[PDB]
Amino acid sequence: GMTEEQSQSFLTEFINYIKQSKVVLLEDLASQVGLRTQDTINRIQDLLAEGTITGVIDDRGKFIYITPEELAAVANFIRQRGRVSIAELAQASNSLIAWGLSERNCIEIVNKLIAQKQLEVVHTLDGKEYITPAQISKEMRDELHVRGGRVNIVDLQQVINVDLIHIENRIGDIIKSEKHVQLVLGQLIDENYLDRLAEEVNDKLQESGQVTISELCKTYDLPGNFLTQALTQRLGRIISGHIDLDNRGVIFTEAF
């Protein structure tokens, strides 16, 4: 049958067509090997599946060769944007690949980069944007500083529009990088919030005269050991108090 001289010549004839233009008209290439257009496509489908050649096939029966330099351009474009819509990526496509790609074709490329471990991204829950885990860290920090310095991780999930695990995975990154930021009972808490909390404790101290840690823990819903170390760290710089030890750690005004 066909396959003896076909399989040997097909790949070299394909390459000869790729040298002339990275865009291959599969109907036209099917004339140069004298084959059925559908049989021609199927062998290219198979060659892409085997991992033999890098490219995509549009809805109108053209194949597009993509160089490793052009893949690298696609991966770096998504890195630099951090968050980007599949629609933006299709518009950008001609500047990155010298060919205007369908949204589908762009997805096929991104999924290739993911599998070859040349890019690290995640799908938004609407399926409409790609976001980098570096950009998730950034958008967690922006929404933390925005929402006052204390925010639940579950609220950041809703906001950033990505599955929970992709927020939960960046918590190593936000505590190594930001020495001012800490994880407490499913929330991220900012140096700026603890200073603001210390101010409103000192205002309630200069009114009550005295106040107990167990009363502040019920007031702000924070754990004892954490809240004690956060307030005792701010004693004298922000709180005009004196610590003493009762049944519980207790704070009262010195200048009284």
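Just count from 1 along the sequence shown to find any residue number.
Of the two stretches examined, 173-181 and 92-100, the record assigns the greater average C-alpha temperature factor to 173-181. Per-stretch averaging of Cα B factors for 60-68 and 34-42 places 34-42 on top. Ranked against the other modelled residues of its chain, the C-alpha B-factor of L29 as given in the entry falls in the middle third. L222: CA B factor lies in the middle third for its chain, per the PDB record. In this PDB entry, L48 carries a Cα temperature factor that places it within the highest third of its chain's modelled residues. Annotation for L11: C-alpha temperature factor in the highest third relative to the rest of the modelled chain, per the entry.
In this PDB entry, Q206 carries a Cα temperature factor that places it within the highest third of its chain's modelled residues.
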